[PDB]
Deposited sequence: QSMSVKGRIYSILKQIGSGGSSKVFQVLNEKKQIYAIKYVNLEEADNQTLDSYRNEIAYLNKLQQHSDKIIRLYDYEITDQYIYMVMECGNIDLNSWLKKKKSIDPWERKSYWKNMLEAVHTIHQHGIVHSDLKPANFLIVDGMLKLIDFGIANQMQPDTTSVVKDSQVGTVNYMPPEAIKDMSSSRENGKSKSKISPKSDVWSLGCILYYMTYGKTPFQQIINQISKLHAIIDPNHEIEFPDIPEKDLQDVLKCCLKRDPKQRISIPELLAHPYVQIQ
């Protein structure tokens, strides 16, 4: 019902999600201001998993200054038993919002796409490749999309649909082009209401369809135009032929209108 971080006291209202050892809570400080606290239990954690939480917290701190499209971290407490992270509170995650919302506005979709690109470009500049991008990694904070995690530490829950073909074939990798494919799948969902390989239920057959070059991804005609070109450029199976993020930021879809 109550917890202490550094010196400040916070009162728990409700739980948002869990990730094995991790937990996210909606809190309030002494001045009745809303915040989000991530609690990580380290009692069962090993030397490899401990260093992965140490690495993601360090990058979250450094990248605060570099972009406003990355979640805000205010303070943290790290001991041998736990981790407490005082972060900003979002309205909803992108996945929970996408499932509830039927039709999406084209001006809202265009705005969200630019936000995702800005956030993923920042981590790439610092040599980070997420490699597990999905809508749940993005948070809606006052009509703006912010990136929650960097994929260094372990994931959380409140799918193989966003996996690039090169990851499956690698059984010396990978490149920032892998995140471009995953981002493309999120945009394809915001455009057609389904992921490029959602139709296949059998996971063995679905994985074969992603790597198969003869398998043609469906691109139905829509009033937009530059949007259809982005989708075809992001969803290219060859990463060397796939579009880059600096190129995407200069594309007519992102710059014109």
{"query": "Deposited-sequence segments unaccounted for in the coordinates", "finding": "159 to 170, 184 to 193"}
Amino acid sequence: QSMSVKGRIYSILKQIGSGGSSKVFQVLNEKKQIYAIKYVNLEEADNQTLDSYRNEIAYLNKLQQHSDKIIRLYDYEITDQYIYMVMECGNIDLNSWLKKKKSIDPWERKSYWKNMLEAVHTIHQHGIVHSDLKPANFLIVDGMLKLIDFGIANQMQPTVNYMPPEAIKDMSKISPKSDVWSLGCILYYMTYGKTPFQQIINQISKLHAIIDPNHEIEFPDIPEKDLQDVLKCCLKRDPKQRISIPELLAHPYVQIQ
From here on, numbers count along this sequence of modelled residues.
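Rigid core: the largest C-alpha set superposing within 1.5 Å between the two forms.
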| item | value |
| --- | --- |
| Positional deviation of Cα atoms in 8 other deposited structures of this protein after core superposition, greater for 19 to 27 or 235 to 243 | 19 to 27 |
| Other compared entries missing residue 157, a third or more | yes |
| Third-or-more of other entries without residue 109 | no |
| Stretch exceeding the other in mean C-alpha B-factor - 197 to 205, 44 to 52 | 197 to 205 |
| Between 147 to 155 and 96 to 104 (mean CA B-factor, as deposited), the higher | 96 to 104 |
| Top Cα B factor in the deposited entry, candidates 217, 63, 231, 57 | 217 |
| Residue 170 - Cα temperature factor, lowest/middle/highest third of chain | highest |
| Residue 17 CA temperature factor, ranked by third within the chain | highest |
| Position of residue 24 among the chain's modelled residues by C-alpha B-factor, lowest, middle or highest third | middle |
| Where the record places residue 241 (Cα B-factor, split into thirds across the chain) | middle |
| Among modelled residues of the same chain, the CA temperature factor third for residue 250 | lowest |
